[PDB]
Every structure is written in structure tokens, then in C-alpha cells.
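>>> Experimental coordinates follow, after the sequence.
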Amino acid sequence: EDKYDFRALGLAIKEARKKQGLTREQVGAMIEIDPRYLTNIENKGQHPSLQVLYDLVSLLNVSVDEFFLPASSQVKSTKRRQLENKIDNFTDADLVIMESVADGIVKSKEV
Amino acid sequence: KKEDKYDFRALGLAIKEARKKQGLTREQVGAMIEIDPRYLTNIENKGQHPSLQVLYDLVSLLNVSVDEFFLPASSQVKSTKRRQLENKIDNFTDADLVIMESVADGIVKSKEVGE
């Protein structure tokens, strides 16, 4: 059909959950859903309700836009969000290292 | 289970405002993504939760950010340096961001384990 393919979003939810050291039973107790229901959402592309989607992504900090919208500079991916969290306390001199390397990644692409 | 329920109304209004900014009627949207214009009215005006399918169809049609209403906004220390950095990495793929992330982690190792 022309059903939305939730598989990539479900796998991103599973990845975040595992990277953050959480079991499905923890996630289940936290947002009040059944662990088995979480398996099908993560592993099999079963669509959760909007309520369950909101609860998982707000609990884990997973970008929905990444998977719903065409990739653009108006979309902050999960990775980008996590990066920003990491650099929150950075000084400017830290940031100048950061900026320099972003430029190097750009120039790298022409090499 | 009310202090438990997501209030969709702010996202519903964003969808509605994007539809209007784009000059689309409810009948046009409904014809485009195959939903009853009456279900649309309820979704935009009365906080009725669409299915994930219909949520996806709306915001991909209209280019509406869900993250804006689902995820906590930070964007606090608008450091001019930080501003410039974030604008340069707007168009980075995640592979590129893996490098950026390793820089960040290298910098904390330095700062931390250096002192």
C-alpha cells in the first residue's frame, strides 16, 4: 500500500534506547506501555498511536522530523540534537576547533 | 489518564496555520492525502489525535515540524561562535556529524584528562 514505512523510525527509537542503556521493561514502566508492544514498534514497523510516538521520542530525544520530512537544513536529526547537547558547555576556543573541522569536512569533499 | 494525555492542540494549530499560509482549503488537503475534511477540522480545531499515518501525511504535505511540539526546545546560549558553527553544520549528513561528535569528545577528553 501507500502506508508510511515506520521501520527506520522504529529502529532509530531502538538504537537510542540501547545507546542510553535502557531495557524495554524500563521504557515500559516509564511511559506506561507494554514491552511486547515496544518490540513490534522497534522491530516490525508497527505504527504506535500518536500518544505512544510522542512519549517514546520525548523520553529518548529522537527527531521525528528526520523521518517524516525531506532532509534539509530545516531538519535537526537525532545526531545533530545529541551533538548540540554535547557542545552546550563549550567555550569559544573549543568552538573554533569545531568550526575549523566543519570547514575541513567541506574542503575534504572536494579532495 | 488526563495529566497523562498529550495535548495535540498546539500542533493541530501549526498544521492549520501552515495549510492557510499555503492557500490550501480543507477539501484540497483531504483530496491530496485522502482524508475527510471533517476529520481534518477536528484534528486542527479540537485536538483530536490523528493516527500516525495521517499525522505523517499532514506534516509531510505541509512541511510542518513535529519536533517543535514533541521535543524540549533548548537554544539558549546563542553564542555568536556557536551560531556560526551550527549554520555550517546545517547541511551535514550523519556520517559528517559522527566526525563532529568525535571532535567534541576529543575536546572534553583533552580538557578533562589534561587537567
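Ah, there it is. Residues are numbered from 1 along each chain as shown, chains lettered A, B, ... in the order given.

>>> From here on, just use CA atoms for contacts and neighbour counts.
OK.

>>> Can you name the residues of chain A sitting close to chain B?
A:3-4, A:47-51, A:53-54, A:57-58, A:61, A:63-65, A:68-69, A:72-74, A:76-77, A:79-80, A:83, A:86-88, A:92, A:94-96, A:98-99, A:101-103, A:105 (Cα under 8 Å from any Cα of the partner chain).

>>> List the contacts of the longest helix seen in chain A.
As assigned by DSSP state H, the longest helix anywhere in chain A is helix A:92-109. For helix A:92-109, contacts defined as Cα atoms under 8 Å, 6 or more residues apart in numbering or on different chains pick out B:81-82, B:84-85, B:88-89, B:96, B:100, B:103-104, B:107.

>>> Next, the angle from it to helix B:94-114.
Per axes from the mean of the first three to the mean of the last three Cα atoms, to 10 degrees, the angle that helix A:92-109 makes with helix B:94-114 is 140 degrees.

>>> returning to what we had before: take the residues of chain A next to chain B and keep only those in helices.
Residues of those located in helices (DSSP H): A:50-51, A:53-54, A:57-58, A:65, A:68, A:79-80, A:83, A:86-87, A:92, A:94-96, A:98-99, A:101-103, A:105.

>>> Got a ChimeraX select line for the buried ones in those residues?
Here is the ChimeraX command that picks out the buried ones among those, judged by 16 or more other Cα atoms under 10 Å in any protein chain shown:
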select /A:50,51,53,54,57,58,65,68,79,80,83,87,94,95,98,99,101,102,105
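
>>> Nearest to chain B: which residue in chain A?
Using Cα to the nearest Cα, residue A:73 is the residue of chain A that sits closest to chain B, at 4.7 Å.

>>> Count the residues that sit near residue A:110.
Per other Cα atoms under 10 Å in any protein chain shown, the neighbour tally for residue A:110 reads 6.

>>> Same question for residue A:74.
When neighbours are defined as other Cα under 10 Å, residue A:74 has 14 of them.

>>> residues contacting it?
Here residue A:74 is in contact with residue B:90 (criterion: Cα under 8 Å, 6+ apart).

>>> Angles on the backbone of it, please.
Per-residue torsions, residue A:74: phi -90, psi 0 (degrees, to the nearest 10).

>>> Next, the buried residues of the one helix or strand residue A:36 maps to.
Element membership for residue A:36 (DSSP states H and E) is helix A:35-43. For helix A:35-43, a neighbour-count test (16+ other Cα under 10 Å) marks A:35, A:38, A:41-42 as buried.

>>> got it, and stretch A:58-74?
A:58-69.

>>> Between all of the residues you listed, which two are separated the most?
Distances among the buried residues of stretch A:58-74 were taken as Cα to Cα; the most separated pair is A:59 and A:69, at 21.0 Å.

>>> Using the record's domain definitions, break chain A down for me.
Here the domain assignment for chain A is A:1-72, A:73-111, based on curated CATH domains.
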